[PDB]
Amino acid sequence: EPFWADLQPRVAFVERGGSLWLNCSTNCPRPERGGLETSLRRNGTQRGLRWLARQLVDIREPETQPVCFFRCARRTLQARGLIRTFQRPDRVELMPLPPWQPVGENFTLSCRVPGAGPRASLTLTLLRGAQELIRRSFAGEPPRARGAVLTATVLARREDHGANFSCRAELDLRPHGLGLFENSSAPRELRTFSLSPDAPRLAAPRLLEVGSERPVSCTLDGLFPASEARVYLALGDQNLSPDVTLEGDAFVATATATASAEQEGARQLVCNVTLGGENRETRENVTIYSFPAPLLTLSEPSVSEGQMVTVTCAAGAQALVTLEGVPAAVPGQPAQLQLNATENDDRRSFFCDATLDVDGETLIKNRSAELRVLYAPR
């Protein structure tokens, strides 16, 4: 039976910033001194003959070792305790996901649980929905270590569009009778797009006339999600507003175009799509042309016989003019024909043809007119 000093409790787990009572007791017949050694501030104090009690408050530091001591028979009696603070996982943070992520690519989940301790008792979990992607236990870390970090690389799936990812931190104090403390990050939603290497198909005529209405179509396939893809069509400058319809992962853009005197000649039909951050484009060179209709004119529509009539077919400054089988003489300017009205010329038709070359293409516009020979006696 040696005389001893005792400090209670020996091991203590207090939440950071918290407080606890420490009791020092001794069996020595009379103490010549007594007290408790700590850096911590105290609030309440209690005492007895063989014992002494302090309430230690506002304990921030991960590790502090108090020593309760007594002096009995000119000998120093000692007891050494241990006080360990713990912090709940108040901050659990998942790193921002890529705004758009490629399907078949990899992205990295990063969870961060600052300050939570002790680290050794921490278990971090990365989740996709209710499923656990990875589970990490920190057992074996230093006793004074606070905070934890878990990172994993996940493969993006078409399955994964609109899926929620979260991080889950778990502090296990159960051996100390303090149970479990857990908190989760706000879920992060994942966007997965898939864009095939192919440029969009653009269906257009190579030749377009000013004022004419022709169908134009742009299309693509293998687009996920097809709904989020934004397709732009236009002829040169002017923007077409096609009807974009979605069949499976394929889109179909259908529109109509009229040349405004923008162009004529060399122009581009552009179709560009954006899905995610990626963009595709297809350009078609298109020729526009102005082909003014040939003007067929009679000196008079109605004439008596013997009266002189001049029929002419005039065109724009461009084409080759053919009147009644006779090419314009000379070429490039209106062709004229003259005749004296006969009774046989009543209900007689005249014809003018304009032949224009555009990009090697031969284009014709035919026109007709009818002459009336007024009836009378001779």
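Numbers follow the displayed sequence, beginning with 1.
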query: Stretch with the higher entry mean CA B-factor, where the candidates are 261 to 269 and 101 to 109; finding: 261 to 269
query: Of 232 to 240 and 114 to 122, the stretch whose C-alpha atoms average the higher B-factor in the entry; finding: 232 to 240
query: C-alpha B-factor winner, where the candidates are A315, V311, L40, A53; finding: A315
query: C-alpha B-factor winner, where the candidates are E189, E141, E159, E182; finding: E159
query: Modelled-residue ranking by C-alpha temperature factor, third containing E209; finding: highest
query: Record-listed C-alpha B factor of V57: chain third; finding: lowest
query: Lowest, middle or highest third - CA B-factor, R74; finding: middle
query: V330 by Cα B-factor - lowest, middle or highest third of the modelled chain; finding: highest
query: Third of the chain, ranked by Cα B-factor, where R146 sits; finding: lowest
